[PDB]
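Here are two versions of the same chain, shown separately as structure tokens and labelled structure 1 and structure 2.
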Structure 1
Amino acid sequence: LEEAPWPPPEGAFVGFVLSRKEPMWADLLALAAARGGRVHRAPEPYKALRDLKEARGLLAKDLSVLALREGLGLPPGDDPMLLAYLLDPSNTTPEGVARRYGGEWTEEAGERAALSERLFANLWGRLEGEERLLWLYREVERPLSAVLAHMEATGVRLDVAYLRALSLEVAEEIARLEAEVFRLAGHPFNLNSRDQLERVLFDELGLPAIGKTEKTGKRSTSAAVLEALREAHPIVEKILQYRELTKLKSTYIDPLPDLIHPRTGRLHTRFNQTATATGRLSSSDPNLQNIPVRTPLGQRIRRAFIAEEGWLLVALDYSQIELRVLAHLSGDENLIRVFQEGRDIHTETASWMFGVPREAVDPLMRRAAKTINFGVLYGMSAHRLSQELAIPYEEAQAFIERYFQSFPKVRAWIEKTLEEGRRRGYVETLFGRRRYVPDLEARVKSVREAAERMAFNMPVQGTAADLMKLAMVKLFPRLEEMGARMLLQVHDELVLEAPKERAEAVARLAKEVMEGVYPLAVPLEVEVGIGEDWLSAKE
């Protein structure tokens, strides 16, 4: 390309190099642009950011987040990664996309700019005629990237002092647990090493090995296994408590306080837009889509996520959403009737599991019932179910047959989805998002059947993701109007932050936008709460 002086003309494709992958923490090492057979290299990257009206190119959102960090309004536009991801969601990295669609992902801004231009041309060619994929790109993915850039740049407030104090307490309790474990083993060892634990449990203490690990065939020490060995030795209970505390302390309590940004005073995640096989977002650096919530200590940790002074958090979560999506895709009459009578399948399974009245089903029970409901739906085995319910194999077998006979059309849809995936080589969500699943005709049963469970799951999980994405695109502009913020997405949940005076109006509005994002054969319901912390805002 002919070398031209900075700046580039309007509509040019950008290339840029970061000192590290996280845009909120990265130094912008270089910046360049490409258009009309020219490549313009910025003498000094930071100042050059001011000359752009739009971040157009590979990883556009990342550059936009860094721009927002610097107080510049530089929205992301076209991004060949989004085009490639729609064509085939196995396209998740610029390294692969470049190799596949006509170039090489290097570490030089100018070359990344030229590559962005060429890849866009070629990928735009591939999507011509693909009207439903083009719709997803224009009406969902491209606009969503701008929304995500703002969320990432905004961050969420965290009660650091609270977590620091919690650490010192959890440390003392962990010490009590390991001290006990060691006394029972008759000697100290690395309790964190599942290899050393394996030897202590099954060799020295001679406990029964229940299962094996996948890749290396070692005797498993997983929670599911320790659970079955709960009454076989007192040491086992200590180990399960040790595991819970150490998991929470090492993953959340300790790391998170160290990640507060100096400029913002807040915690910043990344929302990865081309990361999953189904169309879901993911979150990383840190992952804020897996903050604890189940156990008492987990709930303590979730309370650390708080609103800014003078603001409130608003949490909205779709009700039983993949089940409602299943109703629409399958067309089962019984399942539809469930959602039009306002029945709660998660609560019904809960009351049955714990053998209590429905008004007696508490939160901890209902969440347990959810893993059972989706477990069975997406192909759980009778044996695994009888194990997690501490009921006879015959009883688990019965629960699973009743489950599907209750909703006849479901099996039918599953079968027709697999049939169609074998012919075309892919399955699709309600909006035409595709996932390619080539193993549907594998000749090894276990491989084939694994492929099948992935295949018929994707339309359901992916449609739910489509709905949430579309809802975020619709909702974002309305929140800006009201001086409110979008903070996090957790698959079918949104956490917003609103001035206290507007919080109530924001909650009502967001609930309506989400519920009416795209009407189905059943109503979409959304639970919403308001509170000073993430836990309170759902309770």
Structure 2
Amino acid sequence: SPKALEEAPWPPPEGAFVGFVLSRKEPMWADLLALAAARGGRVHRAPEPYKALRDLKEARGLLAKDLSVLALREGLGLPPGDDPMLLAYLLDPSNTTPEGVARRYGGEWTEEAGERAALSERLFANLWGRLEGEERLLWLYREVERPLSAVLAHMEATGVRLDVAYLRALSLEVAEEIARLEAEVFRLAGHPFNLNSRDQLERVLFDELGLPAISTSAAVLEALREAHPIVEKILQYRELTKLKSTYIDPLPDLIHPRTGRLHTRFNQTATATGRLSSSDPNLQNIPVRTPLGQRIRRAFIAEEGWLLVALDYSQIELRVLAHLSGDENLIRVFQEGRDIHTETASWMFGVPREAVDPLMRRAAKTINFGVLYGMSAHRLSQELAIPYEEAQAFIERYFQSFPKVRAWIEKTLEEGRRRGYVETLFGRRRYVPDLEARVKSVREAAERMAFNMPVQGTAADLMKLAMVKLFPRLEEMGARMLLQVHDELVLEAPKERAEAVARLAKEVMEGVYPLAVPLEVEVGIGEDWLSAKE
């Protein structure tokens, strides 16, 4: 609340825990409604929240980096300080919101700024207790998590320029295809009807054309996409319409009046693995590698005499797997610069060396990516149309080739079975209690999380440590860090500094942490995100 003769006048003494209400928003768009800062029992309040920000040497407290985004907007240099959201996330990745951590560790997260400043003091003290008897998690808070919040802040306030001419042009292009698809669906129906009305779709599918399963479960559609050339046309209609109303149409609306750029929200404590995420737009969902997703990525442009430099960890998940499993054969695929899918197909087919693969080099790519989370043999047989027997053979043949990967899988399910959590190369853990559940499907899953977390998790902490390390150096050359999606970074360098920024960034990212295999980052320089693909 706080307590007793608690209220003081603004400003607080340094090291105080700030609190803050915003206008039902995301920072760059909201107004700072209230402001506050508890220190040693007292609650200082602000008279007028904005002038008050210049008192603060930094923002300590819950959601410290959203305050820094607001304040960066307003030309201030406020660094995000300590944040109990970052400590409670390290303690346990399922601690993703303010209200939840308060509900778990004690305290009400309420919508009154001095109470949220009080709470921040309390919750930091509680949590720093629980975490300072922990050397791998304290490393991670000082070397990765607290610096990244400053990096993320500048990212979210800088923004990316969009190409609005192009986005409106595209909208018309995709709306055209939507209308061609729909003429096709009407033709294969004899009459026009409403593709969106459930009444009418099941009247066609089930009555007019007497399809199988003939609703019961909603959206049944997907499964019976068989002989009739229409019920996949319904589908390609459902996703361009999903896409258009998601990534093309709303995006010029999301541009800032003060900036003329999009301000993508970057979240640090939202995922199970510890990957970063984006919120409006969610950049992870723009369909990558389809004709349309690369078409959406061209709408992301550089400032007017600047260039974009994209960077991309080549096969970070398999290289982490090689490293973590100590598999001499996977290690040496990479250490000597060989194609992973070719070499796998060479081991797995026992081809007289690398001799005329290409069907083989398809089977293998499918095993390679598929083992990671855990493609069962039936679906393996789906992508790879094959029998249960040849398919199970491809799987044990992958493990006869790479047997320390089988070692690691089992070492991991066992060691997580007995201690009750799994870790990252760096020490980040996810508690895995369901990994013994007698109910088949929830335990099946706990096991998938148990082997994914160390590989997707270590890949995540290596991107983050690369970001933290590059953010100084980019300022010494005046370039910006714009977007992080998947295993990619997008930078913005002035046209005259763009290849030199591109070399520093490959350098930093590749040498960031010593692994048994080389990390490889691809780098491309372009005026729009699609051209920087290199």
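For the two forms, the rigid core is made up of the largest set of C-alpha atoms that agree within 1.5 Å on superposition. The first residue in the sequence of structure 1 is number 1, and each one after it adds one.
A.B. asks: Might you check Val225, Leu87, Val338, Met380 and identify the only one whose CA position changes by 2 Å or more between structures 1 and 2 on rigid-core superposition?
C.D. replies: Among the listed residues, the outlier is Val225.
A.B. asks: Superpose the two forms on their rigid core, then report whether the C-alpha of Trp105 is displaced by 2 angstroms or more between structures 1 and 2.
C.D. replies: Result for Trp105: no, shift under 2 Å.
A.B. asks: If you line up the core, does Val140 shift 2 angstroms or more at its C-alpha between structures 1 and 2?
C.D. replies: The answer is no; the displacement is under 2 Å.
A.B. asks: Is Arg453 among the residues whose Cα moves by 2 Å or more between structures 1 and 2 after superposition of the rigid core?
C.D. replies: Shift of 2 Å or more: no.
A.B. asks: Core-aligned, what's the Cα displacement of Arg423 between structures 1 and 2 in Å?
C.D. replies: C-alpha shift for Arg423: 1.1 Å.
A.B. asks: Quote the shift of the Cα of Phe404 between structures 1 and 2 to one decimal place in Å, the two forms being superposed on the rigid core.
C.D. replies: Core-aligned C-alpha shift comes out at 3.1 Å.
A.B. asks: What Cα shift, in Å, does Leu487 show between structures 1 and 2 once the core is superposed?
C.D. replies: Its C-alpha shift, to one decimal, is 0.2 Å.
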